[PDB]
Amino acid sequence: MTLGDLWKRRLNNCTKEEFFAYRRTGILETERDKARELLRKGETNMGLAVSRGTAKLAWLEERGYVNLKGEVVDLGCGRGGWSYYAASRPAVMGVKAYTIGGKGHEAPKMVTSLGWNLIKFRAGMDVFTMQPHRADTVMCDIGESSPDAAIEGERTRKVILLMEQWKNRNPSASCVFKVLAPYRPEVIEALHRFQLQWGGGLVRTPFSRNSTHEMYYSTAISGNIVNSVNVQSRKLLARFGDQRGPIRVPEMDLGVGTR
């Protein structure tokens, strides 16, 4: 058993009030009140982020932890926050975005956010059975939370296997992907094997809620994986009992128009 396993048990043991105070204490939160209503009313001419995912990828890029370029694939694009971020980047030439859609899942939001014309959205696509194709940058933000840590571990293992398949097709591609449950030993083993062949490392974005242990793997950073995970678990465990709220910041606005 790991510290993150204990974190997950302590999380599930929270009362409702305990859970909601813990969830958001100390985290960066974009201000989505304008964005939310524009999406709700169906405004397509907008550059405000279509989801909270945009600011997370923006943070990874601005830190230099990912370098989005060339032909980008977005595996599990959901509403498209990563696809629109990538399409607005001058070094990106095109985005192929894929998501399952269906009941309980987000379909792509269609807006004129800068570079939208460079995105080819395909909904109703399962990426886990899709044949990989050429890409310079491979992005994947898949990993659905579960109260069951073993399910979160297996969901995470499937994402890492997917990234191995896309690296097999594209050994030189940069990769960035969500690791939902890095605290699980089957996940650590798979991350080690990936890191040994492809390099890379783990990082926590300051926008992730304390109710998830998610971290992001990128081929462009480094770091011992176990220590990265353990630092994050201790930091998550140390926030239990904190009552401070979130730090609110402006939402990303990419502007509108074609590229």
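What we label the rigid core is the largest C-alpha set whose atoms superpose within 1.5 Å from one form to the other. Numbers for residues come from their place in the sequence shown, where the first is 1.
- Between 144-152 and 100-108, which has the larger RMS C-alpha deviation from this form in 8 other deposited structures of this protein after core superposition? Comparing 100-108 with 144-152, the one that moves more in 8 other deposited structures of this protein is 100-108.
- Mean temperature factor over C-alpha atoms, higher-scoring stretch between 10-18 and 244-252: Per the PDB entry, the higher value belongs to 244-252.
- Between the two ranges 86-94 and 163-171, the one averaging a larger CA B factor in the entry: Stretch with the higher mean C-alpha B-factor: 163-171.
- Query: Reading the B-factor column of the entry, which of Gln197, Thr212, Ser51, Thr219 has the highest value at its C-alpha atom?
  - Reply: The record points to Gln197.
- Item | Residue selected from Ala190, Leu68, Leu60, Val229 by maximal Cα B factor | When the deposited C-alpha B-factors of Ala190, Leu68, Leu60, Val229 are compared, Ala190 is largest.
- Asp148, C-alpha B-factor rank within chain (lowest, middle or highest third): Middle third by C-alpha B-factor.
- Select lowest, middle or highest to describe the third in which the CA B-factor of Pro185 falls within its chain in this entry. CA B-factor rank for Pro185: highest third.
- Task: Ordered by C-alpha B-factor within the chain, which third holds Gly81? Give me lowest, middle or highest, please.
- Result: Lowest third, going by the recorded CA B-factors of the chain.
- Message: How does the C-alpha B factor of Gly64 compare with the rest of the chain: lowest, middle or highest third?
- Response: Bottom third by C-alpha B-factor.
- Item | Third of the chain's Cα B-factor distribution that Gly102 belongs to, per the entry | As the PDB entry reports it, the C-alpha B-factor of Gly102 lands in the highest third of its chain.
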